[PDB]
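Engineer: What follows is entry-v1.pdb, PDB, C-alpha atoms.
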ATOM      1  CA  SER A   1     154.216  77.553 -23.585
ATOM      2  CA  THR A   2     153.298  81.099 -22.585
ATOM      3  CA  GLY A   3     152.610  83.114 -19.447
ATOM      4  CA  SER A   4     150.652  86.298 -18.750
ATOM      5  CA  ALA A   5     150.542  88.184 -15.455
ATOM      6  CA  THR A   6     149.167  91.535 -14.370
ATOM      7  CA  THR A   7     151.615  94.011 -12.872
ATOM      8  CA  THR A   8     150.254  96.638 -10.473
ATOM      9  CA  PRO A   9     151.698  99.956  -9.226
ATOM     10  CA  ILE A  10     152.657  99.826  -5.562
ATOM     11  CA  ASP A  11     151.440 103.365  -4.880
ATOM     12  CA  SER A  12     149.788 106.393  -6.442
ATOM     13  CA  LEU A  13     153.073 107.601  -8.002
ATOM     14  CA  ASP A  14     153.956 104.354  -9.817
ATOM     15  CA  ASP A  15     157.161 104.166  -7.757
ATOM     16  CA  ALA A  16     157.360 100.485  -8.677
ATOM     17  CA  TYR A  17     155.226  97.614  -9.940
ATOM     18  CA  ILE A  18     154.483  94.253  -8.343
ATOM     19  CA  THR A  19     153.555  91.035 -10.105
ATOM     20  CA  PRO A  20     152.269  87.932  -8.304
ATOM     21  CA  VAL A  21     154.557  84.908  -8.480
ATOM     22  CA  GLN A  22     153.804  81.357  -7.317
ATOM     23  CA  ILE A  23     156.717  79.652  -5.508
ATOM     24  CA  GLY A  24     156.824  76.121  -4.163
ATOM     25  CA  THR A  25     154.385  73.288  -3.545
ATOM     26  CA  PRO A  26     151.743  74.101  -2.445
ATOM     27  CA  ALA A  27     152.049  77.505  -4.039
ATOM     28  CA  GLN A  28     153.246  80.418  -1.972
ATOM     29  CA  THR A  29     152.266  83.611  -3.790
ATOM     30  CA  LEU A  30     154.627  86.546  -3.369
ATOM     31  CA  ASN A  31     154.419  89.927  -5.067
ATOM     32  CA  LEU A  32     157.721  90.561  -6.798
ATOM     33  CA  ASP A  33     159.339  93.530  -8.489
ATOM     34  CA  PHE A  34     160.132  92.384 -12.044
ATOM     35  CA  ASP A  35     163.475  94.010 -12.801
ATOM     36  CA  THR A  36     165.024  93.978 -16.296
ATOM     37  CA  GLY A  37     168.066  95.679 -14.727
ATOM     38  CA  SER A  38     169.156  92.783 -12.490
ATOM     39  CA  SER A  39     169.317  89.012 -12.650
ATOM     40  CA  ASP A  40     168.547  87.588  -9.205
ATOM     41  CA  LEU A  41     165.184  86.229  -8.093
ATOM     42  CA  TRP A  42     165.197  86.866  -4.365
ATOM     43  CA  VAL A  43     162.530  86.834  -1.717
ATOM     44  CA  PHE A  44     161.722  87.773   1.805
ATOM     45  CA  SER A  45     161.672  84.458   3.646
ATOM     46  CA  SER A  46     161.431  82.585   6.917
ATOM     47  CA  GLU A  47     165.201  83.078   7.098
ATOM     48  CA  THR A  48     165.103  86.880   6.907
ATOM     49  CA  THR A  49     166.253  88.651  10.090
ATOM     50  CA  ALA A  50     162.967  89.250  11.898
ATOM     51  CA  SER A  51     163.640  92.945  12.654
ATOM     52  CA  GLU A  52     164.085  93.491   8.897
ATOM     53  CA  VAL A  53     160.659  92.133   8.012
ATOM     54  CA  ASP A  54     157.769  94.597   8.285
ATOM     55  CA  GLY A  55     154.611  93.498   6.491
ATOM     56  CA  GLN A  56     156.055  91.548   3.563
ATOM     57  CA  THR A  57     154.854  88.118   2.608
ATOM     58  CA  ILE A  58     157.586  85.546   3.181
ATOM     59  CA  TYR A  59     158.629  82.372   1.417
ATOM     60  CA  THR A  60     158.977  79.424   3.806
ATOM     61  CA  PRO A  61     160.959  76.724   2.025
ATOM     62  CA  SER A  62     160.348  74.162   4.780
ATOM     63  CA  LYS A  63     156.645  74.286   3.804
ATOM     64  CA  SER A  64     157.391  73.513   0.141
ATOM     65  CA  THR A  65     157.685  69.856  -0.799
ATOM     66  CA  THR A  66     159.617  70.805  -3.945
ATOM     67  CA  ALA A  67     162.172  73.127  -2.273
ATOM     68  CA  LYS A  68     165.763  71.912  -2.133
ATOM     69  CA  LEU A  69     168.638  73.755  -0.535
ATOM     70  CA  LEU A  70     171.287  74.516  -3.100
ATOM     71  CA  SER A  71     174.197  73.368  -1.004
ATOM     72  CA  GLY A  72     176.916  75.930  -0.400
ATOM     73  CA  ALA A  73     175.313  78.641  -2.523
ATOM     74  CA  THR A  74     175.111  82.244  -1.323
ATOM     75  CA  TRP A  75     174.153  85.537  -2.903
ATOM     76  CA  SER A  76     174.667  89.204  -2.214
ATOM     77  CA  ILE A  77     173.520  92.135  -4.311
ATOM     78  CA  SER A  78     173.671  95.942  -4.218
ATOM     79  CA  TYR A  79     171.470  98.119  -6.387
ATOM     80  CA  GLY A  80     171.967 101.461  -8.074
ATOM     81  CA  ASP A  81     169.872 103.187  -5.417
ATOM     82  CA  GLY A  82     172.150 101.957  -2.628
ATOM     83  CA  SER A  83     169.862  99.217  -1.365
ATOM     84  CA  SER A  84     171.071  95.639  -0.841
ATOM     85  CA  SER A  85     170.216  92.127   0.265
ATOM     86  CA  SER A  86     171.898  88.750   0.724
ATOM     87  CA  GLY A  87     171.294  85.169   1.795
ATOM     88  CA  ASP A  88     171.278  81.548   0.669
ATOM     89  CA  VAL A  89     169.614  79.649  -2.169
ATOM     90  CA  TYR A  90     166.950  77.040  -2.804
ATOM     91  CA  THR A  91     165.721  75.592  -6.049
ATOM     92  CA  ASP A  92     161.946  75.275  -6.355
ATOM     93  CA  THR A  93     159.029  75.501  -8.727
ATOM     94  CA  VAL A  94     158.211  79.030  -9.835
ATOM     95  CA  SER A  95     155.223  80.009 -11.957
ATOM     96  CA  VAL A  96     154.360  83.379 -13.469
ATOM     97  CA  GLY A  97     150.959  83.875 -15.038
ATOM     98  CA  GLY A  98     150.547  80.206 -15.907
ATOM     99  CA  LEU A  99     154.141  79.623 -17.008
ATOM    100  CA  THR A 100     156.085  77.163 -14.850
ATOM    101  CA  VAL A 101     159.829  76.672 -14.341
ATOM    102  CA  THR A 102     161.023  73.737 -12.286
ATOM    103  CA  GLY A 103     164.371  73.966 -10.517
ATOM    104  CA  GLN A 104     164.443  77.765 -10.456
ATOM    105  CA  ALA A 105     167.013  79.291  -8.140
ATOM    106  CA  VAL A 106     165.043  81.090  -5.427
ATOM    107  CA  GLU A 107     167.374  83.308  -3.457
ATOM    108  CA  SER A 108     166.287  83.450   0.172
ATOM    109  CA  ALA A 109     167.082  86.681   1.998
ATOM    110  CA  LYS A 110     168.833  86.482   5.344
ATOM    111  CA  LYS A 111     169.489  90.241   5.313
ATOM    112  CA  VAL A 112     167.816  93.156   3.547
ATOM    113  CA  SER A 113     168.634  96.870   3.712
ATOM    114  CA  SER A 114     166.296  99.348   5.311
ATOM    115  CA  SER A 115     164.610 100.509   2.103
ATOM    116  CA  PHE A 116     163.343  96.988   1.419
ATOM    117  CA  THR A 117     162.162  96.594   5.017
ATOM    118  CA  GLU A 118     160.366  99.931   4.770
ATOM    119  CA  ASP A 119     158.476  98.927   1.642
ATOM    120  CA  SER A 120     155.778  96.486   2.765
ATOM    121  CA  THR A 121     154.403  96.001  -0.745
ATOM    122  CA  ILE A 122     157.439  94.358  -2.336
ATOM    123  CA  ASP A 123     158.177  90.745  -1.273
ATOM    124  CA  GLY A 124     161.289  90.455  -3.431
ATOM    125  CA  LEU A 125     162.695  90.914  -6.945
ATOM    126  CA  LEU A 126     162.545  88.800 -10.094
ATOM    127  CA  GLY A 127     165.473  89.682 -12.304
ATOM    128  CA  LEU A 128     165.106  89.731 -16.083
ATOM    129  CA  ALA A 129     168.477  91.080 -17.220
ATOM    130  CA  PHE A 130     171.080  88.634 -18.525
ATOM    131  CA  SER A 131     172.135  85.733 -16.331
ATOM    132  CA  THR A 132     175.747  86.890 -16.489
ATOM    133  CA  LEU A 133     174.855  89.385 -13.741
ATOM    134  CA  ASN A 134     173.435  86.778 -11.353
ATOM    135  CA  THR A 135     175.226  87.030  -8.001
ATOM    136  CA  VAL A 136     174.931  83.446  -6.801
ATOM    137  CA  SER A 137     178.272  81.992  -5.698
ATOM    138  CA  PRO A 138     180.103  79.712  -6.330
ATOM    139  CA  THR A 139     177.770  78.550  -9.115
ATOM    140  CA  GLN A 140     176.021  81.338 -10.999
ATOM    141  CA  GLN A 141     172.314  80.719 -11.576
ATOM    142  CA  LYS A 142     169.964  81.439 -14.486
ATOM    143  CA  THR A 143     167.065  83.885 -14.525
ATOM    144  CA  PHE A 144     163.454  82.757 -14.741
ATOM    145  CA  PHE A 145     163.335  83.907 -18.381
ATOM    146  CA  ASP A 146     166.546  82.091 -19.229
ATOM    147  CA  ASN A 147     165.206  78.873 -17.676
ATOM    148  CA  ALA A 148     161.834  79.226 -19.450
ATOM    149  CA  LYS A 149     163.168  80.310 -22.846
ATOM    150  CA  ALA A 150     163.454  76.967 -24.585
ATOM    151  CA  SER A 151     159.879  76.040 -23.614
ATOM    152  CA  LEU A 152     158.351  79.333 -24.763
ATOM    153  CA  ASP A 153     156.428  79.603 -28.040
ATOM    154  CA  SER A 154     158.729  82.493 -28.898
ATOM    155  CA  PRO A 155     161.848  83.436 -26.900
ATOM    156  CA  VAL A 156     160.511  86.803 -25.747
ATOM    157  CA  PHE A 157     158.850  88.587 -22.893
ATOM    158  CA  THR A 158     157.007  91.917 -23.068
ATOM    159  CA  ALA A 159     156.520  94.757 -20.593
ATOM    160  CA  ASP A 160     153.327  96.802 -20.771
ATOM    161  CA  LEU A 161     153.427  99.091 -17.722
ATOM    162  CA  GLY A 162     150.446 101.247 -16.901
ATOM    163  CA  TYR A 163     150.337 104.915 -15.980
ATOM    164  CA  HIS A 164     148.556 105.011 -12.632
ATOM    165  CA  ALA A 165     146.985 101.683 -13.637
ATOM    166  CA  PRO A 166     147.727  97.964 -13.908
ATOM    167  CA  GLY A 167     149.588  96.550 -16.881
ATOM    168  CA  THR A 168     150.932  93.255 -18.111
ATOM    169  CA  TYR A 169     154.053  91.105 -18.343
ATOM    170  CA  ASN A 170     153.766  88.425 -21.063
ATOM    171  CA  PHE A 171     156.155  85.542 -21.687
ATOM    172  CA  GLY A 172     156.476  83.658 -24.930
ATOM    173  CA  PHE A 173     154.220  85.756 -27.186
ATOM    174  CA  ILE A 174     153.488  89.235 -28.509
ATOM    175  CA  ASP A 175     149.926  90.414 -27.906
ATOM    176  CA  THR A 176     149.218  92.298 -31.120
ATOM    177  CA  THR A 177     146.140  93.923 -29.553
ATOM    178  CA  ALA A 178     148.236  95.641 -26.877
ATOM    179  CA  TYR A 179     149.889  98.327 -29.003
ATOM    180  CA  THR A 180     149.229 100.691 -31.866
ATOM    181  CA  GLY A 181     151.070 100.951 -35.169
ATOM    182  CA  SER A 182     154.141  98.761 -35.535
ATOM    183  CA  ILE A 183     156.914  97.597 -33.238
ATOM    184  CA  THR A 184     160.315  99.125 -34.013
ATOM    185  CA  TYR A 185     163.227  96.875 -33.149
ATOM    186  CA  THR A 186     166.649  98.154 -32.196
ATOM    187  CA  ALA A 187     170.035  96.553 -31.455
ATOM    188  CA  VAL A 188     171.070  95.386 -27.979
ATOM    189  CA  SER A 189     174.476  95.077 -26.384
ATOM    190  CA  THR A 190     174.712  92.411 -23.690
ATOM    191  CA  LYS A 191     178.331  93.316 -22.861
ATOM    192  CA  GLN A 192     177.343  94.821 -19.487
ATOM    193  CA  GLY A 193     174.628  92.235 -18.798
ATOM    194  CA  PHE A 194     171.840  94.742 -19.450
ATOM    195  CA  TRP A 195     169.186  95.307 -22.105
ATOM    196  CA  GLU A 196     171.430  98.081 -23.419
ATOM    197  CA  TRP A 197     170.449  99.971 -26.562
ATOM    198  CA  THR A 198     170.941 103.327 -28.302
ATOM    199  CA  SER A 199     168.137 105.847 -28.606
ATOM    200  CA  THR A 200     168.271 108.031 -31.706
ATOM    201  CA  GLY A 201     167.418 111.328 -29.998
ATOM    202  CA  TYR A 202     164.778 113.370 -28.242
ATOM    203  CA  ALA A 203     162.320 116.251 -28.287
ATOM    204  CA  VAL A 204     160.868 118.419 -25.516
ATOM    205  CA  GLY A 205     157.180 119.206 -25.821
ATOM    206  CA  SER A 206     156.270 120.338 -29.332
ATOM    207  CA  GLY A 207     159.932 121.138 -29.994
ATOM    208  CA  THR A 208     162.001 119.912 -32.899
ATOM    209  CA  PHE A 209     163.624 116.502 -32.661
ATOM    210  CA  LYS A 210     167.319 116.460 -31.805
ATOM    211  CA  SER A 211     169.103 113.612 -33.549
ATOM    212  CA  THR A 212     171.705 112.307 -31.132
ATOM    213  CA  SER A 213     172.791 108.871 -29.902
ATOM    214  CA  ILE A 214     171.884 108.093 -26.304
ATOM    215  CA  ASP A 215     173.155 104.742 -24.976
ATOM    216  CA  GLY A 216     171.129 103.393 -22.068
ATOM    217  CA  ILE A 217     169.368 100.428 -20.518
ATOM    218  CA  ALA A 218     165.741  99.362 -20.504
ATOM    219  CA  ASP A 219     165.204  98.960 -16.763
ATOM    220  CA  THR A 220     161.774  98.142 -15.367
ATOM    221  CA  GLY A 221     163.307  98.152 -11.873
ATOM    222  CA  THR A 222     164.158 101.864 -11.964
ATOM    223  CA  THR A 223     161.336 104.357 -11.426
ATOM    224  CA  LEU A 224     162.577 107.389 -13.322
ATOM    225  CA  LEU A 225     164.186 108.355 -16.622
ATOM    226  CA  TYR A 226     167.904 109.147 -16.220
ATOM    227  CA  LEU A 227     169.553 110.913 -19.158
ATOM    228  CA  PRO A 228     172.605 113.106 -19.863
ATOM    229  CA  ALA A 229     172.661 116.457 -18.062
ATOM    230  CA  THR A 230     172.437 118.361 -21.366
ATOM    231  CA  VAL A 231     169.182 116.601 -22.245
ATOM    232  CA  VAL A 232     167.696 116.954 -18.802
ATOM    233  CA  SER A 233     168.611 120.645 -18.651
ATOM    234  CA  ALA A 234     166.892 121.226 -22.014
ATOM    235  CA  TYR A 235     163.725 119.568 -20.670
ATOM    236  CA  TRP A 236     163.441 121.411 -17.371
ATOM    237  CA  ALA A 237     164.267 124.764 -18.969
ATOM    238  CA  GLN A 238     160.765 124.567 -20.478
ATOM    239  CA  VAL A 239     159.156 124.485 -17.016
ATOM    240  CA  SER A 240     158.861 127.819 -15.229
ATOM    241  CA  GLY A 241     160.513 127.704 -11.839
ATOM    242  CA  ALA A 242     162.155 124.306 -12.283
ATOM    243  CA  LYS A 243     165.579 123.936 -10.740
ATOM    244  CA  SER A 244     168.140 121.325  -9.791
ATOM    245  CA  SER A 245     168.276 121.040  -6.014
ATOM    246  CA  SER A 246     171.296 119.374  -4.424
ATOM    247  CA  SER A 247     169.449 119.256  -1.092
ATOM    248  CA  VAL A 248     166.516 117.366  -2.573
ATOM    249  CA  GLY A 249     168.711 115.310  -4.903
ATOM    250  CA  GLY A 250     167.541 116.365  -8.342
ATOM    251  CA  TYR A 251     165.263 118.551 -10.434
ATOM    252  CA  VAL A 252     162.189 119.911  -8.664
ATOM    253  CA  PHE A 253     159.418 122.037 -10.116
ATOM    254  CA  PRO A 254     156.402 124.002  -8.932
ATOM    255  CA  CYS A 255     153.526 121.629  -8.333
ATOM    256  CA  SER A 256     151.322 124.203 -10.129
ATOM    257  CA  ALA A 257     153.115 123.567 -13.444
ATOM    258  CA  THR A 258     151.791 121.827 -16.507
ATOM    259  CA  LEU A 259     154.704 119.662 -17.649
ATOM    260  CA  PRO A 260     155.640 119.273 -21.329
ATOM    261  CA  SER A 261     155.891 115.877 -22.960
ATOM    262  CA  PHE A 262     159.212 114.206 -23.682
ATOM    263  CA  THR A 263     159.834 112.232 -26.848
ATOM    264  CA  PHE A 264     162.598 109.667 -27.351
ATOM    265  CA  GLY A 265     163.717 108.035 -30.571
ATOM    266  CA  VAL A 266     163.761 104.348 -31.391
ATOM    267  CA  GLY A 267     165.301 104.133 -34.828
ATOM    268  CA  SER A 268     163.087 106.309 -37.008
ATOM    269  CA  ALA A 269     160.145 105.858 -34.623
ATOM    270  CA  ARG A 270     159.179 108.104 -31.715
ATOM    271  CA  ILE A 271     157.808 107.336 -28.241
ATOM    272  CA  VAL A 272     156.002 110.209 -26.486
ATOM    273  CA  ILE A 273     156.014 110.424 -22.701
ATOM    274  CA  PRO A 274     153.081 112.655 -21.644
ATOM    275  CA  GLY A 275     153.990 115.426 -19.237
ATOM    276  CA  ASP A 276     151.820 113.965 -16.487
ATOM    277  CA  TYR A 277     154.064 110.870 -16.451
ATOM    278  CA  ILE A 278     156.957 113.088 -15.360
ATOM    279  CA  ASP A 279     155.254 114.386 -12.168
ATOM    280  CA  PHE A 280     156.286 112.499  -9.006
ATOM    281  CA  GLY A 281     154.485 114.740  -6.603
ATOM    282  CA  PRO A 282     155.453 116.790  -3.562
ATOM    283  CA  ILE A 283     159.002 116.312  -2.312
ATOM    284  CA  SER A 284     157.503 116.038   1.169
ATOM    285  CA  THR A 285     153.908 115.835   2.310
ATOM    286  CA  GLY A 286     152.202 119.180   1.836
ATOM    287  CA  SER A 287     155.026 120.770  -0.129
ATOM    288  CA  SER A 288     154.324 122.806  -3.259
ATOM    289  CA  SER A 289     157.673 121.717  -4.701
ATOM    290  CA  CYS A 290     157.300 118.560  -6.812
ATOM    291  CA  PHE A 291     159.899 116.008  -7.842
ATOM    292  CA  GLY A 292     160.732 115.542 -11.513
ATOM    293  CA  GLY A 293     160.500 112.233 -13.340
ATOM    294  CA  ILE A 294     163.400 113.037 -15.657
ATOM    295  CA  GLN A 295     166.734 113.319 -13.876
ATOM    296  CA  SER A 296     170.420 113.541 -14.743
ATOM    297  CA  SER A 297     172.430 110.324 -15.167
ATOM    298  CA  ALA A 298     175.637 112.238 -14.509
ATOM    299  CA  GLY A 299     177.493 110.253 -11.873
ATOM    300  CA  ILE A 300     175.445 107.057 -12.366
ATOM    301  CA  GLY A 301     177.717 106.120 -15.225
ATOM    302  CA  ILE A 302     174.852 104.938 -17.414
ATOM    303  CA  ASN A 303     171.613 106.330 -18.853
ATOM    304  CA  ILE A 304     168.496 104.536 -17.605
ATOM    305  CA  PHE A 305     165.248 104.179 -19.486
ATOM    306  CA  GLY A 306     163.226 103.430 -16.372
ATOM    307  CA  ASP A 307     159.487 103.138 -15.803
ATOM    308  CA  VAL A 308     158.774 106.777 -16.771
ATOM    309  CA  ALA A 309     159.951 105.945 -20.281
ATOM    310  CA  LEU A 310     158.936 102.315 -20.577
ATOM    311  CA  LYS A 311     155.351 102.864 -19.378
ATOM    312  CA  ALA A 312     154.775 105.068 -22.464
ATOM    313  CA  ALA A 313     155.464 102.046 -24.687
ATOM    314  CA  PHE A 314     154.822  98.403 -25.365
ATOM    315  CA  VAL A 315     158.291  96.905 -24.959
ATOM    316  CA  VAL A 316     159.528  93.619 -26.421
ATOM    317  CA  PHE A 317     162.506  92.017 -24.773
ATOM    318  CA  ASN A 318     163.606  89.665 -27.539
ATOM    319  CA  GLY A 319     165.842  86.905 -26.197
ATOM    320  CA  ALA A 320     166.687  85.299 -29.527
ATOM    321  CA  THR A 321     170.277  84.173 -30.093
ATOM    322  CA  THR A 322     171.032  87.795 -30.903
ATOM    323  CA  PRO A 323     168.884  89.795 -28.496
ATOM    324  CA  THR A 324     167.004  92.928 -29.579
ATOM    325  CA  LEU A 325     164.532  95.381 -28.045
ATOM    326  CA  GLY A 326     161.242  96.428 -29.604
ATOM    327  CA  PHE A 327     159.160  99.533 -28.866
ATOM    328  CA  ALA A 328     155.625 100.385 -29.960
ATOM    329  CA  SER A 329     153.268 103.192 -28.988
ATOM    330  CA  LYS A 330     150.068 102.116 -27.269
TER     331      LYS A 330
END
Could I get this structure in the form of structure tokens?
Structural biologist:
Amino acid sequence: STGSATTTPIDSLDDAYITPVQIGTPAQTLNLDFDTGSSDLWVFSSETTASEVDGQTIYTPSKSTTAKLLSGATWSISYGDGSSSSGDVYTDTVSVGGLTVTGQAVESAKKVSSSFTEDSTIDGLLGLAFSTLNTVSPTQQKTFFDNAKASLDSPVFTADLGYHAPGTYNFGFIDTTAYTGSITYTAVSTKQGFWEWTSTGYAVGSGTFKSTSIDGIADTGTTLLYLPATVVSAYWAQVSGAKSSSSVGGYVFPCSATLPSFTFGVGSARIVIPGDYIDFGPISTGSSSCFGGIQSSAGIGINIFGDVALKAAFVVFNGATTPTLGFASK
């Protein structure tokens, strides 16, 4: 089997991407944030504290003839940005772009933190990291990909995120029309539960390539590109007036600037992030100070190849017995 679904930016900055997901019988369609950096599929629901729902579409398990309460199961998660959610668990039928999993753990939110409440466009998350990170207790649950894997034509899914435009998540096949040149595959460590890999270096603008190992994770659920402070400093030094602002919480730059590209290495291959991809607009409405799309990972404890990086590539998440990651230009 295969699946194919369009993923759409939630706003004009590509702060995140939502993908429609069918849950239950009859189908309840929710727009979820596909997140290769976590492993819980959770949703706003009829059980969510009413004051914490503000415009989201909710899953109502009582209206699904295939929903079953997973007795005794609870979940609770906290994300790298400080947000969190928690609740109980159903199993139900979940389909993505024509691909159907029966008995998928659907984690029903009883509580969500303010940032989820405040984002009306995201109805929940669909985790696509390794199932070892799933928070369900006392019986850990499998991700949608993990449940679908055996049925898929090929044990893979691909992320093709658009810049200021829709893109595609595919399951079970590689669309050879969706990228240019060849796909370069690179080793993955699953030891931390992430799609963790090692980039072979970087360049800033038309600058020479610096060969250097950068360990990080491919994380569709993180907006920006988080790299070591040395790297990030080298980038922003090429932008007149750019500075790190502790009050804003990162590198800012004059909105009048033309940003240079940023290249990262995948083996011997190179992915180029256009400078425009690195502009996240005024820090506040009307400001002429703009927020940078490349930020320091110092104090996160891990480098993160988030949407800024991944949207410049066609990315293969290969879930074979020994997982690997593939990157192609597009």
Engineer: Given the point (160.1, 74.0, 2.1) in the coordinates of this file, which residues lie within 12 Å, counting only C-alpha atoms, and how would they look as a PyMOL selection string?
Structural biologist: chain A and resi 23-28+45-47+58-69+89-93+106+108
Engineer: When the PyMOL selection byres ((chain A and resi 201) around 10) is applied to the structure above, which residues does it catch, written out as an mmCIF file with C-alpha atoms, in the coordinates of the input?
Structural biologist:
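This is the output file expr.cif:
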data_model
loop_
_atom_site.group_PDB
_atom_site.id
_atom_site.type_symbol
_atom_site.label_atom_id
_atom_site.label_comp_id
_atom_site.auth_asym_id
_atom_site.auth_seq_id
_atom_site.Cartn_x
_atom_site.Cartn_y
_atom_site.Cartn_z
ATOM 1 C CA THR A 198 170.941 103.327 -28.302
ATOM 2 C CA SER A 199 168.137 105.847 -28.606
ATOM 3 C CA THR A 200 168.271 108.031 -31.706
ATOM 4 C CA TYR A 202 164.778 113.370 -28.242
ATOM 5 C CA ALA A 203 162.320 116.251 -28.287
ATOM 6 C CA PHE A 209 163.624 116.502 -32.661
ATOM 7 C CA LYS A 210 167.319 116.460 -31.805
ATOM 8 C CA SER A 211 169.103 113.612 -33.549
ATOM 9 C CA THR A 212 171.705 112.307 -31.132
ATOM 10 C CA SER A 213 172.791 108.871 -29.902
ATOM 11 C CA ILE A 214 171.884 108.093 -26.304
ATOM 12 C CA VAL A 231 169.182 116.601 -22.245
ATOM 13 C CA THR A 263 159.834 112.232 -26.848
ATOM 14 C CA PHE A 264 162.598 109.667 -27.351
ATOM 15 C CA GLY A 265 163.717 108.035 -30.571
ATOM 16 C CA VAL A 266 163.761 104.348 -31.391
ATOM 17 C CA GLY A 267 165.301 104.133 -34.828
ATOM 18 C CA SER A 268 163.087 106.309 -37.008
ATOM 19 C CA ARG A 270 159.179 108.104 -31.715
#
Engineer: Written as a ChimeraX atom specification, what is the full residue list that the PyMOL selection byres ((chain A and resi 285-290) around 7) yields on the file shown?
Structural biologist: /A:252-255,280-284,291-292
Engineer: What would the selection look like, as a ChimeraX atom specification, if the PyMOL selection byres ((chain A and resi 178) around 9) were run on the coordinates I just shared?
Structural biologist: /A:160,174-177,179-180,314,330
Engineer: Could those selected residues go to a file with C-alpha atoms, as a PDB file, in the frame of the given file?
Structural biologist:
ATOM      1  CA  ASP A 160     153.327  96.802 -20.771  1.00  0.00           C
ATOM      2  CA  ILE A 174     153.488  89.235 -28.509  1.00  0.00           C
ATOM      3  CA  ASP A 175     149.926  90.414 -27.906  1.00  0.00           C
ATOM      4  CA  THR A 176     149.218  92.298 -31.120  1.00  0.00           C
ATOM      5  CA  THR A 177     146.140  93.923 -29.553  1.00  0.00           C
ATOM      6  CA  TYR A 179     149.889  98.327 -29.003  1.00  0.00           C
ATOM      7  CA  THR A 180     149.229 100.691 -31.866  1.00  0.00           C
ATOM      8  CA  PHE A 314     154.822  98.403 -25.365  1.00  0.00           C
ATOM      9  CA  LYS A 330     150.068 102.116 -27.269  1.00  0.00           C
TER      10      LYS A 330
END
Engineer: What does the structure give for the distance between CA of residue 196 in chain A and CA of residue 220 in chain A, in Å to one decimal?
Structural biologist: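 Value for the CA of residue 196 in chain A-CA of residue 220 in chain A distance: 12.6 Å.
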Engineer: Specify the axis-aligned box that encloses all atoms of range 272-289 of chain A listed in the file after padding of 8 Å on each side, stating its centre and edge lengths in Å to one decimal as lines of an AutoDock Vina configuration file.
Structural biologist:
center_x = 155.4
center_y = 116.5
center_z = -12.1
size_x = 23.2
size_y = 28.6
size_z = 44.8
Engineer: Nearest to residue 30 in chain A: which of A:190, A:121, A:76, A:57 is it, counting only C-alpha atoms?
Structural biologist: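 For residue 30 in chain A, the nearest of the candidates is A:57.
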Engineer: Would you mind reading off the distance between CA of residue 183 in chain A and CA of residue 40 in chain A, one decimal, in Å?
Structural biologist: 28.5 Å
Engineer: Counting all atoms listed in the file, figure out which residue out of A:140, A:95, A:36, A:85 gets nearest to residue 222 in chain A.
Structural biologist: A:36
Engineer: Residues near residue 53 in chain A, anyone? I mean within 9 Å using only C-alpha atoms, not counting same-chain ones fewer than 3 positions away, as a compact mmCIF listing (two decimals) with C-alpha atoms, in the coordinates of the input.
Structural biologist:
# COMPACT_ATOMS: atom_id res chain seq x y z
CA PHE A 44 161.72 87.77 1.80
CA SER A 45 161.67 84.46 3.65
CA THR A 48 165.10 86.88 6.91
CA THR A 49 166.25 88.65 10.09
CA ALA A 50 162.97 89.25 11.90
CA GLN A 56 156.06 91.55 3.56
CA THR A 57 154.85 88.12 2.61
CA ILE A 58 157.59 85.55 3.18
CA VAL A 112 167.82 93.16 3.55
CA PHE A 116 163.34 96.99 1.42
CA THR A 117 162.16 96.59 5.02
CA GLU A 118 160.37 99.93 4.77
CA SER A 120 155.78 96.49 2.76
Engineer: What's around range 233-247 of chain A at 9 Å? Count only C-alpha atoms, leave out sequence neighbours fewer than 2 positions away in its own chain, and write the answer as a VMD selection string.
Structural biologist: chain A and resid 203 to 205 228 to 231 249 to 254 257 to 262 292 294 to 296
Engineer: Here is a test: counting only C-alpha atoms, which residue of A:164, A:111, A:191, A:311 is nearest to residue 9 in chain A?
Structural biologist: A:164
Engineer: If you measure from CA of residue 122 in chain A to CA of residue 223 in chain A, what distance in Å do you get, rounded to one decimal?
Structural biologist: 14.1 Å
Engineer: Applying 10 Å and all atoms listed in the file, which residues near residue 224 in chain A remain after dropping the ones on its own chain fewer than 2 positions away? List them as a list in words.
Structural biologist: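 That gives residues 14, 15, 16, 219, 220, 221, 222, 226, 227, 277, 278, 280, 292, 293, 294, 295, 304, 305, 306, 307, 308, 309 and 310 of chain A.
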Engineer: Which one of A:192, A:22, A:31, A:297 sits closest to residue 10 in chain A if you count all atoms listed in the file?
Structural biologist: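 Result for the nearest residue to residue 10 in chain A: A:31.
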Engineer: Please provide as a short mmCIF file (atom, residue, chain, number, x, y, z; two decimals) with C-alpha atoms, keeping the file's coordinate frame all residues within 12 Å of residue 151 in chain A, with the sequence filter that same-chain residues fewer than 2 positions apart are discarded (counting all atoms listed in the file).
Structural biologist:
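See part31.cif below for the written result:
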data_model
loop_
_atom_site.label_atom_id
_atom_site.label_comp_id
_atom_site.auth_asym_id
_atom_site.auth_seq_id
_atom_site.Cartn_x
_atom_site.Cartn_y
_atom_site.Cartn_z
CA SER A 1 154.22 77.55 -23.58
CA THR A 2 153.30 81.10 -22.58
CA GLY A 3 152.61 83.11 -19.45
CA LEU A 99 154.14 79.62 -17.01
CA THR A 100 156.08 77.16 -14.85
CA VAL A 101 159.83 76.67 -14.34
CA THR A 102 161.02 73.74 -12.29
CA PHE A 144 163.45 82.76 -14.74
CA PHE A 145 163.34 83.91 -18.38
CA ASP A 146 166.55 82.09 -19.23
CA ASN A 147 165.21 78.87 -17.68
CA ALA A 148 161.83 79.23 -19.45
CA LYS A 149 163.17 80.31 -22.85
CA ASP A 153 156.43 79.60 -28.04
CA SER A 154 158.73 82.49 -28.90
CA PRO A 155 161.85 83.44 -26.90
CA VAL A 156 160.51 86.80 -25.75
CA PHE A 171 156.16 85.54 -21.69
CA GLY A 172 156.48 83.66 -24.93
CA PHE A 173 154.22 85.76 -27.19
#
